[PDB]
Structure formats: C-alpha cells, structure tokens
>>> print(open('query-v3.txt').read())   # compact mmCIF, C-alpha atoms
# COMPACT_ATOMS: atom_id res chain seq x y z
CA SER A 23 -4.69 -15.33 14.13
CA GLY A 24 -4.66 -16.78 10.58
CA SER A 25 -4.15 -16.17 6.85
CA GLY A 26 -5.62 -13.64 4.47
CA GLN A 27 -5.52 -11.68 1.22
CA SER A 28 -4.36 -8.09 0.82
CA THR A 29 -5.44 -5.34 -1.55
CA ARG A 30 -4.33 -1.70 -1.74
CA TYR A 31 -6.30 1.50 -1.35
CA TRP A 32 -6.47 5.17 -0.51
CA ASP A 33 -9.89 6.78 -0.83
CA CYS A 34 -9.29 9.78 1.50
CA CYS A 35 -12.47 8.94 3.48
CA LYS A 36 -12.77 9.51 7.19
CA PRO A 37 -11.74 6.11 8.60
CA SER A 38 -14.58 4.17 10.16
CA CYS A 39 -12.62 3.81 13.42
CA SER A 40 -12.49 7.61 13.67
CA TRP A 41 -16.08 7.56 15.02
CA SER A 42 -17.02 7.46 18.71
CA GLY A 43 -18.51 4.40 20.40
CA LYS A 44 -17.09 1.92 17.87
CA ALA A 45 -14.52 0.12 20.05
CA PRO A 46 -13.05 0.19 23.57
CA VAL A 47 -10.28 2.73 22.98
CA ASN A 48 -8.89 5.81 24.68
CA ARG A 49 -10.16 7.86 21.72
CA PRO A 50 -11.02 7.22 18.06
CA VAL A 51 -8.57 7.41 15.18
CA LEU A 52 -7.75 11.02 14.36
CA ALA A 53 -9.11 12.20 11.04
CA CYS A 54 -7.88 15.38 9.34
CA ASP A 55 -9.29 18.39 7.56
CA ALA A 56 -8.64 18.76 3.84
CA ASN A 57 -5.26 20.36 4.57
CA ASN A 58 -4.02 17.44 6.70
CA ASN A 59 -4.63 19.08 10.11
CA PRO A 60 -5.75 16.62 12.82
CA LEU A 61 -9.36 16.90 13.99
CA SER A 62 -9.90 16.28 17.70
CA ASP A 63 -13.65 16.62 17.03
CA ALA A 64 -14.75 13.08 16.15
CA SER A 65 -18.21 14.28 15.07
CA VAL A 66 -16.99 15.92 11.84
CA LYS A 67 -18.76 14.36 8.86
CA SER A 68 -16.74 12.26 6.44
CA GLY A 69 -15.60 13.96 3.27
CA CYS A 70 -17.01 10.86 1.55
CA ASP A 71 -20.50 11.70 2.87
CA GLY A 72 -20.53 15.39 1.93
CA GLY A 73 -18.51 16.40 5.00
CA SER A 74 -15.03 17.79 5.61
CA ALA A 75 -13.09 15.05 7.46
CA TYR A 76 -10.49 12.95 5.65
CA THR A 77 -7.80 10.36 6.30
CA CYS A 78 -4.65 11.95 7.71
CA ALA A 79 -1.63 11.65 5.41
CA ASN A 80 0.36 10.10 8.29
CA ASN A 81 -1.83 6.99 7.91
CA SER A 82 0.79 6.01 5.29
CA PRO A 83 3.21 3.04 5.31
CA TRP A 84 6.97 3.31 5.67
CA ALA A 85 9.95 0.97 5.81
CA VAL A 86 12.48 0.89 8.63
CA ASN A 87 14.66 -1.74 6.91
CA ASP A 88 14.51 -4.06 3.91
CA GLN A 89 12.63 -6.67 5.99
CA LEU A 90 10.18 -4.54 8.03
CA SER A 91 7.61 -1.78 7.40
CA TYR A 92 4.85 -0.10 9.46
CA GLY A 93 1.47 0.98 8.14
CA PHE A 94 -2.31 0.95 8.37
CA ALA A 95 -5.19 -1.01 6.90
CA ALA A 96 -8.93 -1.57 6.68
CA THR A 97 -9.70 -5.00 8.13
CA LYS A 98 -12.55 -7.49 7.75
CA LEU A 99 -11.72 -10.48 9.98
CA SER A 100 -13.26 -13.89 10.58
CA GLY A 101 -15.08 -13.93 13.92
CA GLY A 102 -14.51 -10.23 14.54
CA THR A 103 -16.41 -6.96 14.61
CA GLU A 104 -15.48 -3.28 14.44
CA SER A 105 -15.38 -3.43 18.23
CA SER A 106 -12.68 -6.11 18.13
CA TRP A 107 -10.40 -4.77 15.34
CA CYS A 108 -10.64 -0.94 15.44
CA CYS A 109 -7.19 0.37 16.47
CA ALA A 110 -5.80 -3.16 16.89
CA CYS A 111 -2.39 -3.97 15.42
CA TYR A 112 -1.37 -7.03 13.41
CA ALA A 113 1.98 -8.29 12.13
CA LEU A 114 1.57 -9.54 8.56
CA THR A 115 4.12 -11.88 7.04
CA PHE A 116 3.66 -11.98 3.27
CA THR A 117 3.46 -15.46 1.71
CA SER A 118 3.29 -14.67 -2.00
CA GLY A 119 4.41 -12.15 -4.58
CA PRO A 120 7.73 -10.29 -4.59
CA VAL A 121 7.37 -9.32 -0.91
CA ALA A 122 7.03 -12.94 0.29
CA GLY A 123 8.84 -13.29 3.59
CA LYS A 124 8.71 -9.60 4.50
CA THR A 125 6.90 -8.23 7.55
CA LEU A 126 4.41 -5.36 7.68
CA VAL A 127 2.92 -4.34 11.03
CA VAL A 128 -0.32 -2.42 10.53
CA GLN A 129 -2.91 -0.79 12.73
CA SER A 130 -6.54 -1.23 11.72
CA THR A 131 -8.15 2.19 11.18
CA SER A 132 -11.28 1.13 9.31
CA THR A 133 -13.52 -1.76 8.30
CA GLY A 134 -12.79 -3.25 4.89
CA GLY A 135 -14.89 -5.18 2.43
CA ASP A 136 -15.26 -8.94 2.65
CA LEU A 137 -12.57 -10.70 0.62
CA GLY A 138 -11.46 -14.18 1.60
CA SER A 139 -11.16 -15.22 5.23
CA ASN A 140 -9.32 -12.14 6.62
CA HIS A 141 -9.07 -9.23 4.18
CA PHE A 142 -6.49 -6.52 4.84
CA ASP A 143 -6.92 -3.49 2.56
CA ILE A 144 -3.52 -1.84 3.01
CA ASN A 145 -3.33 1.98 3.00
CA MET A 146 -1.05 3.45 0.37
CA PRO A 147 -1.70 6.78 -1.40
CA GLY A 148 -2.32 5.98 -5.04
CA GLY A 149 -3.49 2.42 -4.36
CA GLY A 150 -7.00 3.26 -5.64
CA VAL A 151 -10.06 5.05 -4.30
CA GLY A 152 -12.51 2.23 -5.10
CA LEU A 153 -16.19 2.97 -4.48
CA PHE A 154 -15.88 6.35 -2.72
CA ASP A 155 -13.74 9.08 -4.28
CA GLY A 156 -13.16 11.30 -1.27
CA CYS A 157 -9.85 12.47 -2.72
CA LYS A 158 -11.77 14.27 -5.46
CA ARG A 159 -13.50 16.31 -2.74
CA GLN A 160 -10.40 16.76 -0.58
CA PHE A 161 -8.04 18.24 -3.19
CA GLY A 162 -9.34 17.61 -6.71
CA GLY A 163 -8.52 13.90 -6.93
CA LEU A 164 -5.57 11.55 -7.27
CA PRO A 165 -4.42 10.01 -10.56
CA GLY A 166 -4.85 6.30 -11.10
CA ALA A 167 -7.34 3.57 -11.89
CA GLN A 168 -10.39 3.33 -9.66
CA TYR A 169 -9.21 -0.09 -8.44
CA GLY A 170 -5.44 -0.43 -8.01
CA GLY A 171 -4.66 3.27 -8.43
CA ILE A 172 -1.58 4.42 -10.35
CA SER A 173 0.67 2.15 -12.42
CA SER A 174 3.98 4.09 -12.67
CA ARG A 175 6.18 5.44 -9.88
CA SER A 176 6.50 8.81 -11.65
CA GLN A 177 2.77 9.29 -11.12
CA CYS A 178 3.58 9.99 -7.45
CA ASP A 179 5.34 13.19 -8.51
CA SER A 180 2.07 15.13 -8.77
CA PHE A 181 0.53 13.97 -5.48
CA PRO A 182 0.03 16.34 -2.54
CA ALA A 183 3.44 16.44 -0.88
CA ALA A 184 2.32 14.75 2.34
CA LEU A 185 1.08 11.75 0.30
CA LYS A 186 4.27 11.21 -1.74
CA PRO A 187 6.26 9.06 0.74
CA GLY A 188 3.48 6.49 1.09
CA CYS A 189 2.89 6.64 -2.67
CA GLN A 190 6.54 5.79 -3.35
CA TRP A 191 6.74 3.13 -0.63
CA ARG A 192 4.32 1.10 -2.73
CA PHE A 193 6.90 0.90 -5.52
CA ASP A 194 10.04 0.90 -3.37
CA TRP A 195 9.83 -1.37 -0.32
CA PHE A 196 6.53 -2.94 -1.43
CA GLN A 197 7.95 -3.72 -4.92
CA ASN A 198 4.60 -2.88 -6.53
CA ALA A 199 3.31 -6.17 -5.13
CA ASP A 200 -0.14 -7.00 -6.53
CA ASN A 201 -2.51 -8.20 -3.76
CA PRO A 202 -0.06 -10.56 -1.99
CA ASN A 203 -1.25 -13.15 0.53
CA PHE A 204 -0.09 -13.22 4.14
CA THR A 205 -0.28 -14.85 7.51
CA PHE A 206 -1.03 -12.53 10.41
CA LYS A 207 -1.19 -12.28 14.20
CA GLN A 208 -2.58 -9.57 16.47
CA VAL A 209 0.11 -7.80 18.51
CA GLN A 210 0.55 -4.91 20.88
CA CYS A 211 0.68 -1.73 18.82
CA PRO A 212 4.10 -0.13 18.36
CA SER A 213 3.95 3.49 19.48
CA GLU A 214 5.04 4.36 15.94
CA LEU A 215 1.47 3.63 14.88
CA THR A 216 -0.57 4.80 17.89
CA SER A 217 1.32 8.12 17.91
CA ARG A 218 -0.08 8.84 14.42
CA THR A 219 -3.72 7.84 15.00
CA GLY A 220 -3.90 8.65 18.72
CA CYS A 221 -6.10 5.55 19.12
CA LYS A 222 -5.09 2.73 21.46
CA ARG A 223 -7.28 -0.22 22.44
CA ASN A 224 -7.96 -0.93 26.09
CA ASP A 225 -7.09 -4.58 25.39
CA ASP A 226 -3.77 -3.78 23.69
CA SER A 227 -1.78 -5.52 26.46
CA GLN A 228 -3.69 -8.78 25.94
CA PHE A 229 -1.58 -9.58 22.87
CA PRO A 230 2.12 -10.34 22.37
CA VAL A 231 4.81 -7.72 21.97
CA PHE A 232 6.02 -7.46 18.39
CA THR A 233 9.71 -8.30 17.93
CA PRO A 234 11.24 -7.13 14.59
>>> encode(input="query-v3.txt", output="structure tokens")
Amino acid sequence: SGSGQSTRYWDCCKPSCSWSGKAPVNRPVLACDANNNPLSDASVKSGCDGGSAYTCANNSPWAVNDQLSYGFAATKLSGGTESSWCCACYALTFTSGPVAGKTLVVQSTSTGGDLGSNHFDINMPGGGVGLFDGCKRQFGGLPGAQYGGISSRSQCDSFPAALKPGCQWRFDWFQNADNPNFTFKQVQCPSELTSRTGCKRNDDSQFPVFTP
C-alpha cells in the first residue's frame, strides 16, 4: 500500500490496540502484567498512565532466515485510522540502509506518531522509550538513550531475560540499521504473529497471503 520511514522503539506501554472497541477484531492485543503474564482483562490501565499493564515481551522481532523476519510495530498510515490498522499485518521490504532488500512482516499493535507518509515504529527492546518511560515503572528501566535506545550489543546483557532476544535481533539480523526506509503492503497475518497477540482482524482474509 505504499512507502514509508521506520524508527525503533520499546516503551513498555500497554499497546493502543490492546483496548476494546478500537477495531473489528476477535479480541484486542494481549497486554501483560509487569512479570510478562498475559492479561485477558483488556480494561487494565496502562503502566504508562499509572496502571499495571505493559507490552508483552513476545511482541519482539525474530528472524527465520537471513532474508526474512517477523515482528510488530506502531503504525500511522496515510488514509487510515486505528480501526483500519489495529492488528493488521504488513510485509515491509527495506529500501535503504544495511537491511535494504530484506523483508520484515509485522503486525500493528499500536498507533505511532506521524512521520512521513506511512510511519512504522518497529518494536525492538532497547530501541528507545521515547516520550513515555513505562519500562521504568515495569522493572526499573532499560538502559539506552531516550530516542534510539542502546548503542552497543553488550548492553542487551542486563535486560530482563524475556527481552534479550528482541534486543539482540536489532544488532544481529537488523544490522543495527538506523531508521531505514521501506515499501510495504498489507497481508494476511501469519499465525506466528496472531498467536502472540491473540488479535486477528475480521477483514484479515481481504488481503493477500504472504509468501516468504
């Protein structure tokens, strides 16, 4: 459905698609308590608003081969609304930086800030908390700059264990790419992603199957 710019983030906040009535889905994205246990109760208040609900650690990216990874993102799309992108999946093909040519299929779990025509803020632990430091409340905070997060792969060594794979993915398969550009198209969600969030759009079948 177009081209866009990526950034990186992990702020630990309850994802905005974890709330009820936001999109036509079977159920909202599962958030987690501070100890990474899934919350079936979608009314729990976000740890970024004085509450106790956080992003589940399984909202992390991973590689299945040197060409293809799966992950999650906050999206802000031209012509769209939360009701059209929450729990939708998109295949991104990177067009710049060291990852140019690689493919990342993400599910949207949240609404991102406006940046360019179709911003994808890609989840990766240690990518930066930005404006809301929920990770401070969840477990005392993550190292790293407010925007961009950590700068060395060793800094992943002190993360909560469940956050270390996604932290290291950023330096391994993602090659520490700094805000690469991409083209993207909406696709049916691989079960790899909807099994983690539990959230599947009623219109999922309206879009093409992803072929690796």
>>> residues_near_point(input="query-v3.txt", point="(6.1, -0.8, -4.5)", cutoff="10 Å", atoms="only C-alpha atoms", output="PyMOL selection string")
chain A and resi 120-121+146+174-175+188-200
>>> write_last_selection(input="query-v3.txt", atoms="C-alpha atoms", output="PDB file, in the frame of the given file")
ATOM      1  CA  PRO A 120       7.730 -10.290  -4.590  1.00  0.00           C
ATOM      2  CA  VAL A 121       7.370  -9.320  -0.910  1.00  0.00           C
ATOM      3  CA  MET A 146      -1.050   3.450   0.370  1.00  0.00           C
ATOM      4  CA  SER A 174       3.980   4.090 -12.670  1.00  0.00           C
ATOM      5  CA  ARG A 175       6.180   5.440  -9.880  1.00  0.00           C
ATOM      6  CA  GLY A 188       3.480   6.490   1.090  1.00  0.00           C
ATOM      7  CA  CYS A 189       2.890   6.640  -2.670  1.00  0.00           C
ATOM      8  CA  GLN A 190       6.540   5.790  -3.350  1.00  0.00           C
ATOM      9  CA  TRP A 191       6.740   3.130  -0.630  1.00  0.00           C
ATOM     10  CA  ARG A 192       4.320   1.100  -2.730  1.00  0.00           C
ATOM     11  CA  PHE A 193       6.900   0.900  -5.520  1.00  0.00           C
ATOM     12  CA  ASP A 194      10.040   0.900  -3.370  1.00  0.00           C
ATOM     13  CA  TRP A 195       9.830  -1.370  -0.320  1.00  0.00           C
ATOM     14  CA  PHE A 196       6.530  -2.940  -1.430  1.00  0.00           C
ATOM     15  CA  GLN A 197       7.950  -3.720  -4.920  1.00  0.00           C
ATOM     16  CA  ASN A 198       4.600  -2.880  -6.530  1.00  0.00           C
ATOM     17  CA  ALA A 199       3.310  -6.170  -5.130  1.00  0.00           C
ATOM     18  CA  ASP A 200      -0.140  -7.000  -6.530  1.00  0.00           C
TER      19      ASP A 200
END
>>> residues_near_point(input="query-v3.txt", point="(-17.2, 9.1, 18.9)", cutoff="7 Å", atoms="all atoms listed in the file", output="list in words")
residues 41, 42, 43, 50, 64 and 65 of chain A
>>> atom_distance(input="query-v3.txt", atom1="CA of residue 46 in chain A", atom2="CA of residue 137 in chain A")
25.4 Å
>>> closest_residue(input="query-v3.txt", among="A:135, A:148, A:123, A:234", to="residue 178 in chain A", atoms="only C-alpha atoms")
A:148
>>> residues_around(input="query-v3.txt", residues="residue 66 in chain A", least_positions_apart="4", cutoff="12 Å", atoms="all atoms listed in the file", output="PyMOL selection string")
chain A and resi 35-37+40-42+52-56+60-62+70-76
>>> atom_distance(input="query-v3.txt", atom1="CA of residue 92 in chain A", atom2="CA of residue 214 in chain A")
7.9 Å
>>> residues_around(input="query-v3.txt", residues="residue 169 in chain A", least_positions_apart="6", cutoff="9 Å", atoms="all atoms listed in the file", output="PyMOL selection string")
chain A and resi 30-31+149-153
>>> write_last_selection(input="query-v3.txt", atoms="C-alpha atoms", output="mmCIF file, in the coordinates of the input")
data_model
loop_
_atom_site.group_PDB
_atom_site.id
_atom_site.type_symbol
_atom_site.label_atom_id
_atom_site.label_comp_id
_atom_site.auth_asym_id
_atom_site.auth_seq_id
_atom_site.Cartn_x
_atom_site.Cartn_y
_atom_site.Cartn_z
ATOM 1 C CA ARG A 30 -4.330 -1.700 -1.740
ATOM 2 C CA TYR A 31 -6.300 1.500 -1.350
ATOM 3 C CA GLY A 149 -3.490 2.420 -4.360
ATOM 4 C CA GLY A 150 -7.000 3.260 -5.640
ATOM 5 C CA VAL A 151 -10.060 5.050 -4.300
ATOM 6 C CA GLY A 152 -12.510 2.230 -5.100
ATOM 7 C CA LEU A 153 -16.190 2.970 -4.480
#
>>> atom_distance(input="query-v3.txt", atom1="CA of residue 39 in chain A", atom2="CA of residue 230 in chain A")
22.3 Å
>>> residues_around(input="query-v3.txt", residues="residue 131 in chain A", least_positions_apart="5", cutoff="8 Å", atoms="all atoms listed in the file", output="MDAnalysis selection string")
chainID A and resid 37:40 51 94:97 108:109
>>> closest_residue(input="query-v3.txt", among="A:138, A:162, A:187, A:156", to="residue 29 in chain A", atoms="only C-alpha atoms")
A:138
>>> build_atoms(input="query-v3.txt", residues="range 155-179 of chain A", atoms="N, CA and C atoms", output="CSV table (one decimal), in the frame of the given file")
chain,number,residue,atom,x,y,z
A,155,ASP,N,-14.8,8.2,-3.9
A,155,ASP,CA,-13.7,9.1,-4.3
A,155,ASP,C,-13.7,10.3,-3.4
A,156,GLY,N,-13.3,10.2,-2.2
A,156,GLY,CA,-13.2,11.3,-1.3
A,156,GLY,C,-12.0,12.2,-1.7
A,157,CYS,N,-11.0,11.7,-2.3
A,157,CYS,CA,-9.8,12.5,-2.7
A,157,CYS,C,-10.2,13.5,-3.7
A,158,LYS,N,-11.2,13.2,-4.6
A,158,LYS,CA,-11.8,14.3,-5.5
A,158,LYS,C,-12.3,15.5,-4.7
A,159,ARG,N,-13.0,15.2,-3.6
A,159,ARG,CA,-13.5,16.3,-2.7
A,159,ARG,C,-12.4,17.0,-1.9
A,160,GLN,N,-11.4,16.2,-1.4
A,160,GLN,CA,-10.4,16.8,-0.6
A,160,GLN,C,-9.5,17.8,-1.3
A,161,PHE,N,-9.0,17.4,-2.5
A,161,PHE,CA,-8.0,18.2,-3.2
A,161,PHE,C,-8.1,18.1,-4.7
A,162,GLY,N,-9.2,17.7,-5.3
A,162,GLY,CA,-9.3,17.6,-6.7
A,162,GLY,C,-9.0,16.2,-7.3
A,163,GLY,N,-8.7,15.3,-6.5
A,163,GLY,CA,-8.5,13.9,-6.9
A,163,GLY,C,-7.1,13.5,-7.0
A,164,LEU,N,-6.8,12.2,-7.0
A,164,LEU,CA,-5.6,11.6,-7.3
A,164,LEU,C,-5.6,10.8,-8.6
A,165,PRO,N,-4.5,10.8,-9.3
A,165,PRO,CA,-4.4,10.0,-10.6
A,165,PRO,C,-4.6,8.5,-10.2
A,166,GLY,N,-4.8,7.7,-11.2
A,166,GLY,CA,-4.8,6.3,-11.1
A,166,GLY,C,-6.2,5.6,-11.4
A,167,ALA,N,-6.1,4.3,-11.7
A,167,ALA,CA,-7.3,3.6,-11.9
A,167,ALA,C,-8.2,3.5,-10.6
A,168,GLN,N,-9.5,3.4,-10.8
A,168,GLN,CA,-10.4,3.3,-9.7
A,168,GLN,C,-10.0,2.2,-8.7
A,169,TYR,N,-9.7,1.0,-9.2
A,169,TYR,CA,-9.2,-0.1,-8.4
A,169,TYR,C,-7.8,-0.4,-8.8
A,170,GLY,N,-6.9,-0.3,-7.8
A,170,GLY,CA,-5.4,-0.4,-8.0
A,170,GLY,C,-4.7,0.9,-8.1
A,171,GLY,N,-5.4,2.0,-8.4
A,171,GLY,CA,-4.7,3.3,-8.4
A,171,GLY,C,-3.6,3.4,-9.6
A,172,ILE,N,-2.5,4.1,-9.3
A,172,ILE,CA,-1.6,4.4,-10.4
A,172,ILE,C,-0.8,3.2,-10.8
A,173,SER,N,-0.2,3.3,-11.9
A,173,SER,CA,0.7,2.2,-12.4
A,173,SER,C,2.2,2.5,-12.6
A,174,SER,N,2.6,3.7,-12.5
A,174,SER,CA,4.0,4.1,-12.7
A,174,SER,C,4.4,4.9,-11.5
A,175,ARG,N,5.7,4.7,-11.0
A,175,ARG,CA,6.2,5.4,-9.9
A,175,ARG,C,6.2,6.9,-10.1
A,176,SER,N,6.5,7.4,-11.4
A,176,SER,CA,6.5,8.8,-11.6
A,176,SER,C,5.2,9.5,-11.3
A,177,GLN,N,4.1,8.7,-11.4
A,177,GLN,CA,2.8,9.3,-11.1
A,177,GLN,C,2.7,9.8,-9.7
A,178,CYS,N,3.6,9.4,-8.8
A,178,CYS,CA,3.6,10.0,-7.4
A,178,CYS,C,4.0,11.4,-7.5
A,179,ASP,N,4.7,11.9,-8.5
A,179,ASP,CA,5.3,13.2,-8.5
A,179,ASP,C,4.3,14.3,-8.4
